[PDB]
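Below is one structure, written out as structure tokens; the observations come after it.
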Amino acid sequence: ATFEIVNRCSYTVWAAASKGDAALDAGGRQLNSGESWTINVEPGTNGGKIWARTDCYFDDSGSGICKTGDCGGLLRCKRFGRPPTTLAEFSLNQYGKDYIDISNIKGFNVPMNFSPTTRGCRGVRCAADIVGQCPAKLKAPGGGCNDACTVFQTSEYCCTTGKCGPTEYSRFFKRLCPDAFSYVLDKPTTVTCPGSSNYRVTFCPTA
Ligand code: NA
Ligand code: NA
Ligand code: NA
Ligand code: NA
Ligand code: NA
Ligand code: NA
Numbered sequence: 001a002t003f004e005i006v007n008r009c010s011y012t013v014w015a016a017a018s019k020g021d022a023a024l025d026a027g028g029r030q031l032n033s034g035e036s037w038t039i040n041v042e043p044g045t046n047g048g049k050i051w052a053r054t055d056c057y058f059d060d061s062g063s064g065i066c067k068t069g070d071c072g073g074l075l076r077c078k079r080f081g082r083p084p085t086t087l088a089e090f091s092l093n094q095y096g097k098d099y100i101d102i103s104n105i106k107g108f109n110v111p112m113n114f115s116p117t118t119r120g121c122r123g124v125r126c127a128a129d130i131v132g133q134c135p136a137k138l139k140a141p142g143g144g145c146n147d148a149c150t151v152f153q154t155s156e157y158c159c160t161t162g163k164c165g166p167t168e169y170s171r172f173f174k175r176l177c178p179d180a181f182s183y184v185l186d187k188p189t190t191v192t193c194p195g196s197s198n199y200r201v202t203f204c205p206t207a
């Protein structure tokens, strides 16, 4: 499957793509404002994620640091990124269909649209100014808006027992972005697409 990743932000981002225990395609790349990077994701990929990283520095070996979404200091991510990270999430070719969503469960750093480029389903978007409106206690000094699990490490925010409810913090994310997951047991906003669809992830879609 192809994913075109497009940076419409006025600032550089470092795109990242991983399924948690491996890179997808090259795993990461710099995208200056306006640049597009197309990756190939193997059919059947389960639990894939794409995200933006901000304020990165990398040496020639591709080692360094980002202020949001850092994946163990690598340009080319093999693992998931450090919150806060707006997440494009997908599982492909799962009994004949693809499943996509956007999640704020690991916080928010960059606004995002995640849409099919082929027929048969709609896209999802979280493009509100969540960083600007972020509750004081969730603001990440390094940048972005943390989720409450990251900040407070409670069973209720992290849904550790599989029994949690919405919270004042999850409701903030849900108010600003109704079409993204705001906590683990949120009413799902997953979209079913035809199996083997192709996609576009756009950072700052309303820029
Ligand atoms: Na992101
Ligand atoms: Na990184
Ligand atoms: Na998530
Ligand atoms: Na506030
Ligand atoms: Na939260
Ligand atoms: Na936007």
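If you read the sequence shown in the entry's author numbering, its first letter stands for residue 1, the second for the next number, and so on.
Even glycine gets a Cβ: it sits at the ideal position worked out from N, Cα and C.
Roughly how many whole angstroms lie between the Cα atoms of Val191 and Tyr99?
-> As a working mapping, residue 191 is identified with position 191 in the sequence shown. As a working mapping, residue 99 is identified with position 99 in the sequence shown. When the Cα atoms are used, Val191 and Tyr99 turn out to be separated by approximately 6 Å.
Say yes only if the C-beta of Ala128 is nearer than 7 Å to one or more non-hydrogen atoms of ligand 4, and no if none qualify.
-> As a position in the sequence shown, residue 128 is number 128, starting the count at 1. Shortest gap from the CB of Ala128 to any heavy atom of ligand 4: 7 Å or more.
Give the DSSP-derived three-state secondary structure of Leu75 in the structure shown.
-> Position 75 of the sequence shown, counting from 1, holds the residue named residue 75. It is coil, neither helix nor strand.
Straight-line CA distance for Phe203 to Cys164?
-> Translated into the one-based positions of the sequence shown, residue 203 becomes position 203. Translated into the one-based positions of the sequence shown, residue 164 becomes position 164. Answer to the nearest angstrom: the Cα atoms are 30 Å apart.
Output yes or no for whether 8 Å exceeds the beta carbon distance between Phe90 and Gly48.
-> As a working note, residue 90 is residue 90 in the sequence shown. As a working note, residue 48 is residue 48 in the sequence shown. Result yes, Cβ atoms of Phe90 and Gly48 sit closer than 8 Å.
Any idea if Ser170 is buried or exposed, counting beta-carbon neighbours within 10 angstroms, 16 or more meaning buried?
-> Here residue 170 refers to the residue found at position 170 of the sequence shown. Its Cβ being crowded by 16 or more others within 10 Å, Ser170 is buried.
List the DSSP bridge partners of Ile102.
-> Translated into the one-based positions of the sequence shown, residue 102 becomes position 102. Under DSSP, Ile102 takes part in a beta bridge, and its partners are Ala88.
Same chain only: Cβ atoms within 7 Å of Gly81, ignoring 5 sequence neighbours per side = Position 81 of the sequence shown, counted from the first residue, corresponds to residue 81. Hits under 7 Å: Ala16, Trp51, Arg53, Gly69, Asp70 and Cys71.
Report the partner residues of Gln30 according to the DSSP bridge assignment.
-> As a working note, residue 30 is residue 30 in the sequence shown. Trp14, per the DSSP bridge assignment.
In chain order, what residues of the same chain lie with their CB nearer than 8 Å to the CB of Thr150, ignoring the 5 residues before and after it?
-> Working through the sequence shown from its first residue, we reach residue 150 at position 150. Taking C-beta separations shorter than 8 Å and ignoring five residues to either side along the sequence, the partners of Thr150 in its chain run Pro83, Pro84, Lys106 and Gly107, following chain order.
Verify the contact flag: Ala136, CB atom, against every heavy atom of ligand 4, threshold strictly below 7 Å.
-> Position 136 of the sequence shown, counted from the start, is the residue given in the question as residue 136. Yes, the Cβ of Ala136 comes within 7 Å of a heavy atom of ligand 4.
Specify, as a first and last residue, the run of the beta strand (DSSP E) that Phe3 falls within.
-> Looking up residue 3 in the sequence shown gives position 3. Taken as a continuous stretch (DSSP letters only), the beta strand (DSSP E) holding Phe3 covers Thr2 to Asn7.
Do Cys204 and ligand 7 come close, with the Cβ less than 7 Å from some heavy atom?
-> Ligand 7 is absent from the structure shown, which contains only ligand 1, ligand 2, ligand 3, ligand 4, ligand 5 and ligand 6.
Quick one: which unbroken beta strand (DSSP E) runs of 3-plus residues sit fully inside the stretch 33-64? Chain order, please.
-> Fully enclosed beta strand (DSSP E) runs of 3 or longer: 36-40 and 48-53.
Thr86 vs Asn198 beta-carbon contact at 8 Å = Residue mapping note: residue 86 aligns to position 86 of the sequence shown, counting from 1. Residue mapping note: residue 198 aligns to position 198 of the sequence shown, counting from 1. No. Outside cutoff.
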